[PDB]
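Only one structure is covered here, and it is reproduced in the block below.
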Amino acid sequence: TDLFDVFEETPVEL
Amino acid sequence: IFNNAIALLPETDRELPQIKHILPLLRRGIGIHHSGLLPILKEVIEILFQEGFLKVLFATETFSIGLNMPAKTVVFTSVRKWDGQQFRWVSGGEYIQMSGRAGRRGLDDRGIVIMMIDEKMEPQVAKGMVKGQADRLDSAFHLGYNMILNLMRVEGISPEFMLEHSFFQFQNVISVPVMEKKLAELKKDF
Amino acid sequence: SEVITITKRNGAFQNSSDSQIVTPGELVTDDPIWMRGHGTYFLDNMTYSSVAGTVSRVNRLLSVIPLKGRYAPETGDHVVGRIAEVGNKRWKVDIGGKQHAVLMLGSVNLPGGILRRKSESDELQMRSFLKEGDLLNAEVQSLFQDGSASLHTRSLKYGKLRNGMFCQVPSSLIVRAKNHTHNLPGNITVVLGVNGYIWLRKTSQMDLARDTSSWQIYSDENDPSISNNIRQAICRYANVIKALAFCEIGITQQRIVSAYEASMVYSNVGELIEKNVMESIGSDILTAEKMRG
Amino acid sequence: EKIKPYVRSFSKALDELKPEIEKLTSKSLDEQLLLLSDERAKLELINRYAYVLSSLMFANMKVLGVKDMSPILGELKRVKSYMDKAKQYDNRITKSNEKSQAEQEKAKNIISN
Amino acid sequence: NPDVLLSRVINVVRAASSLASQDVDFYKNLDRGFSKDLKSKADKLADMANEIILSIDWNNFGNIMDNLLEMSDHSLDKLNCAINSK
Amino acid sequence: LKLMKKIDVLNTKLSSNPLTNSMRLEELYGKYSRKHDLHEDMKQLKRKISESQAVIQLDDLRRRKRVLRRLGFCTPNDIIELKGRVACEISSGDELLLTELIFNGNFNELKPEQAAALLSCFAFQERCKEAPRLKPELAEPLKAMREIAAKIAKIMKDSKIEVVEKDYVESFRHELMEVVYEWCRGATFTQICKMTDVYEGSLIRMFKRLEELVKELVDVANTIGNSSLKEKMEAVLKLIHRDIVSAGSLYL
Amino acid sequence: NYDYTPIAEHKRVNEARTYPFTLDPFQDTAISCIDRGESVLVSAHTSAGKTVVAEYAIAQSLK
Amino acid sequence: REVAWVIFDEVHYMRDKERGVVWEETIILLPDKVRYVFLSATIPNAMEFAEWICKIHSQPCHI
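So the protein sequences, as listed, match chains B, C, G, W, R, L, Z and E.
Residues in the first sequence are numbered from 4 upward in steps of one, following the deposited numbering.
Residues in the second sequence are numbered from 443 upward in steps of one, following the deposited numbering.
The third sequence runs 2 to 17, 50 to 245, 276 to 356 under the deposited numbering.
Residues in the fourth sequence are numbered from 5 upward in steps of one, following the deposited numbering.
The fifth sequence runs 5 to 61, 78 to 106 under the deposited numbering.
Residues in the sixth sequence are numbered from 822 upward in steps of one, following the deposited numbering.
Residues in the seventh sequence are numbered from 128 upward in steps of one, following the deposited numbering.
Residues in the eighth sequence are numbered from 254 upward in steps of one, following the deposited numbering.
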């Protein structure tokens, strides 16, 4: 859970 | 007179080898010009060139700039010349600067320009070399850190101020009011 | 509503960030690899300080910066000179430092400029353009073999003062910046020397020219039009200098503005001399230093 | 309808973080450093100010909807790389102190032995 | 404090990641006022990014990130002399 | 299927809009569009002109503002340090290096014959034949100064200053050091002529360059107080400024 | 807004350096610019006599 | 401070990629009172120089 991985996830997309 | 040139050296220095070698050529009415000689050698030749004892000069680009030592006859042995990047066909105002050194004002009737070539050159190039063009003069401004020092050290002005009046952006000066005029047109037609 | 501060204390002569703090006679080290500069003397290893000051280790250079001493002259600095003497074609002039600066005869702005060229009759008129004790703006050129340096006025901006008042401070509290002439609301101008010498005067057009005749460069004249509202506003900026000087405050141009608006409590300008109130306003700004930046 | 939850939701997160910003820039980049003495205490303050801003400029650039996001993404692993370094440096400061205190306890036990 | 306010940043980072995930142009079609609210929510961003512009005060942005990371570097080199010489 | 819904507004709303094509709105579109193109292309041009404004050299300069701060020659408030005060009387060589060498103080155990060969590593530019790997008390300081400039050029590489660190090193030329080491030992001009192809005035063209160096080096310990250095500096200057170095001209 | 009068009209009141022979028309045009007191580029070849224009301004500085 | 005339010869070395920085900057560092001379080889684009100078030291310059 390194703190730059939130840049990397795909969001919750409709 | 030559020994009087060697008179201002030590007697140990009066026997230095390179000058022993060149002196019979220098005795033969013959001179060579380039940087690699001694400065004391560089001055004595041009004197004797200026006093015409040495009918011959084997020269490079300093004596092209080195004036007040006129010629009658100029020989172009290598047409092309290395420019740091390429043994290139010499451009115009180079050759024009490399032209006029022959022909004494009150004395010589003409100027004698003789170029040895070793290629059937393209016609406009020998034009573009000899029927030449005055070469464009533009700023080669760059930066250097000792300049960067003292403009901080002297208080009154700035290094930025230098750039506001540097000719290197005069490129960025000239064509823009035309485009402003085009903009003054385009702000109307809109 | 007073005349004098008379507070009494009888029966006594007197009321009675880490770095190396070294003394004279003291060893620093004996690593031979270090270089030996100012504040340092030695015997082949023994690194010996000579003052009360701080060890400065610069990357292989060890040197001792003191805490106490006169002003150190350096080139390119903007200071204020008081005219000491006149020499052959030379002048002597106090910096406040160790010695006088020198000032060549042709080192100055001539009236009419360079079209006025040289003349040997100019040394027959040294006293014409300059005389003793006078104050001016000067530009530190270069030095001698000792550490004594010289001056000049290579601008219109440098020149003989008028239109105001002098004050002086310790050289320490004056902070270095890329600028030294400062213009303050109240239509007035501080000319902070580096050396500890401070001139106030009214803002000129040349001062106004900085942010948008020539024959008056040795005059003892002022602008004749000087209001008291100019003059009394001078004194309010005057005391707050000594307030920060008594409070040991590095001078910020804004702090002065901050000193000035904090001084708007007191319209009685003569009350700007109080040991406590200067310290109070001194205490104000340091608390006000703990908000902004 | 479809936009109606998320836009008010995200703005509330802006509304959530909006006081946090003002407390973050309460005192200046000089002040919040110049009040501090330890360079380690100076350290992450430089980073964390950039750390948010990096995300901030990555956030607002989405609002233009520009298809490129690389020349802030190119800045992203940079800020990581400097955050990568001093942590590993500060790991080594531990081993400087972690084992030196065992040197303290050992040599006292040697005379005890 | 780092672990508090960045956790709130992470909170808004994911929310920033939650923003343009949906198709946003469709209600920009269906009204300007969706887009204008999205413009107005960007006016927060026109203010909230400006807070650190205010801390200083794209090609503007390309400048200062150097000068931010300027000051990062002179730490560790001083930390090198603070530690490796130590 | 949900993708087509973007058109399934346009299927509705375009037909719904008042004067979809009434009042020659199709033509009035091109009436708007000929305005709208003029709306586009001026500022398109005006971006170019606004792009055609500034000093383009600042990006070089802004990188160099980094450099001295990285070197500590000035504050971030740009106030010049004593470090940067050093090379104010240095123009004759790499000022970026020559401060650091003296700030790395490596000349404390260099002799006047020894450090002069290190000053041959500056006063001359044009490449030539390989010198041998010389006596290492030259070469190890030569190895020492090479170690310094890399870290310098490292941060120059970090500065977005496009300089090949490798090519930055071979900007330094280290070959005449032996001949420099022997003219320090009182060698004959005749003898040292044998040790190169490089012509004799060109030697003097760096010799009389080298005096300009060493004289500007004398400036430095005055500004620092390295009293050992000032003893060592003119000790060099004694040992170069001599017989053939005393050349003067004839016109003057 | 500068107040201009033609330099081709500039009757030089004095040869601040006199010269033995007939000077050239551009050299005539040159020295008036010195004499009227404005700066000037002249760009010629070295054999032309750009030297001669430099000879003039010395004395006008010296006088 | 007693110089009003400068004779610049060899002006075209401003296009020296080696040293031409010096000629350019030193002219920028001139006080604007001073008169100047400029001599160099023939260039076609001489006026550009005058067009550059005449602003930045704010006095006329002939060609």
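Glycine included, each C-beta is placed from N, C-alpha and C at the ideal position.
Legend entry - Below-8 Å beta-carbon distance, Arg547 (chain C) vs any chain Z residue: yes
Legend entry - Beta-carbon gap between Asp41 (chain R) and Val56 (chain W) smaller than 8 Å: no
Legend entry - Proximity of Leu1034 (chain L) and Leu940 (chain L) at Cβ, strictly below 8 Å: For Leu1034 (chain L) and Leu940 (chain L), yes; Cβs fall inside 8 Å.
Legend entry - Residues of the segment 904-927 of chain L whose Cβ lies closer than 9 Å to any Cβ of chain G, in chain order: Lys904, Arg906, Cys909, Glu921, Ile923, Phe924, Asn925, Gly926 and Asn927
Inset, instruction - Using a Cβ cut-off of 7 Å, pull out every chain C residue sitting near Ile309 (chain E), in sequence order please. - result: Under the 7 Å cutoff, chain C gives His607.
Legend entry - Contact under 8 Å by Cβ, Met604 (chain C) with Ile280 (chain E): Their beta carbons are not under 8 Å apart, which means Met604 (chain C) does not touch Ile280 (chain E) by this criterion.
Inset, instruction - Assess, as a yes-or-no matter, whether the segment 113-120 of chain G is touched by the segment 148-168 of chain Z under the definition of 3 or more beta carbon pairs within less than 8 Å. - result: no
Inset, instruction - Leaving out five residues on either side along the sequence, give the residues of the same chain with a beta carbon under 7 Å from the beta carbon of residue 1 (chain G). - result: Since the first residue shown for chain G is 2 and the last is 356, residue 1 (chain G) is missing from the structure and cannot be characterised.
Legend entry - Whether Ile221 (chain G) touches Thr236 (chain G) by CB criterion (8 Å): Between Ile221 (chain G) and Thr236 (chain G), the C-beta gap is smaller than 8 Å, which places the two residues in contact.
Inset, instruction - Compute the distance between the beta-carbons of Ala296 (chain G) and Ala306 (chain G), then report whether it is under 8 Å. - result: no
Legend entry - Neighbour flag for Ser166 (chain Z) against chain C, beta carbons, 8 Å: It does not; no Cβ of chain C falls within 8 Å.
Legend entry - Test item: CB-CB of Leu451 (chain C) and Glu1021 (chain L) under 8 Å: Not a contact, by the Cβ cut-off of 8 Å.
Legend entry - Pick from G:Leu194, G:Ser204 and G:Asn339 that is closest to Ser282 (chain G), judged by C-alpha positions: Selected option, being the one with the closest Cα: G:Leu194.
Legend entry - Where the alpha helix (DSSP H) containing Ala301 (chain G) begins and where it ends: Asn291 to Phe309
Legend entry - Best match in G:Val340, G:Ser288 and G:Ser183 for proximity to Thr108 (chain G) [C-alpha to C-alpha]: G:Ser183
Inset, instruction - Could you work out which residues of chain E lie near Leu169 (chain G), taking near to mean beta carbons separated by less than 8 Å? - result: Those do not exist, as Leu169 (chain G) stays about 16 Å from chain E at its closest Cβ, beyond 8 Å.
Legend entry - Cutoff 8 Å: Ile280 (chain E) Cβ touching any chain Z Cβ: No, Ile280 (chain E) does not count as interfacial toward chain Z.
Legend entry - Beta-carbon contacts of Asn925 (chain L) that lie in its chain and below 7 Å, excluding the five residues immediately before and after: Hits under 7 Å: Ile969.
Inset, instruction - Have a look at C:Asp631, C:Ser617 and C:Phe632 and flag the residue whose alpha-carbon is nearest the alpha-carbon of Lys869 (chain L). - result: C:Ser617
Inset, instruction - Assign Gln492 (chain C) to one of two classes, buried (16 or more other C-beta atoms within 10 Å of its C-beta) or exposed (fewer than that). - result: exposed
Inset, instruction - Could you pull the start and end residues of the alpha helix (DSSP H) that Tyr53 (chain W) belongs to? - result: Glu43 to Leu68
Legend entry - Interface flag, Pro284 (chain E) vs chain Z, CB-CB below 8 Å: Taking Cβ atoms only, chain Z never reaches closer than 8 Å to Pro284 (chain E), which makes this a no.
Legend entry - CB contact below 8 Å: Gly226 (chain G) versus chain C: no
Legend entry - Collapsed DSSP secondary structure at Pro75 (chain W) in the structure displayed: helix
Inset, instruction - Taking C-beta pairs closer than 9 Å, name the residues in chain C that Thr149 (chain Z) reaches, listed in chain order. - result: Correct list: empty, because the minimum Cβ distance to chain C is about 13 Å.
Inset, instruction - Drop a sphere of 10 angstroms on the beta-carbon of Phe945 (chain L), count the other beta-carbons inside from all chains shown, and report buried for 16 or more, exposed for fewer. - result: Sixteen is the threshold: when 16 or more other Cβ atoms of the shown chains lie within 10 Å of the Cβ of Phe945 (chain L), as they do, the residue is buried.
Inset, instruction - Report yes or no: is there a C-beta of chain G within less than 8 Å of the C-beta of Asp829 (chain L)? - result: no
Legend entry - Opposing strand residues paired with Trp124 (chain G) [DSSP bridges]: G:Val119 and G:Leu136
Legend entry - Segment contact, 8 Å Cβ cut-off, at least three pairs: the segment 306-315 of chain G with the segment 330-350 of chain G: yes
Inset, instruction - Look at the Cβ atom of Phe199 (chain G), then the Cβ atom of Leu163 (chain G), and state whether they are nearer than 8 Å. - result: no
Legend entry - Range covered by the alpha helix (DSSP H) that runs through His857 (chain L): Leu846 to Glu872
Legend entry - Buried or exposed by the 16-neighbour rule on C-beta atoms within 10 Å, applied to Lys562 (chain C): exposed
Inset, instruction - Would you tell me roughly how many angstroms separate the C-alpha atoms of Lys308 (chain E) and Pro284 (chain E), rounded to the nearest one? - result: 13 Å
Legend entry - Of the listed residues Z:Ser166, Z:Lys190 and Z:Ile158, nearest to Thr178 (chain Z) (C-alpha basis): When only C-alpha atoms are compared, the closest one is Z:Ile158.
Inset, instruction - Answer yes or no: does any C-beta atom of chain W fall closer than 8 Å to that of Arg355 (chain G)? - result: Chain W, which has a Cβ nearer than 8 Å to the Cβ of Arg355 (chain G), makes this yes.
Inset, instruction - Might you give, ordered along the chain, the residues of its own chain that have their beta carbon closer than 7 Å to the beta carbon of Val84 (chain G), omitting 5 neighbours on each side? - result: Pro57, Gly72, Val97 and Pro99
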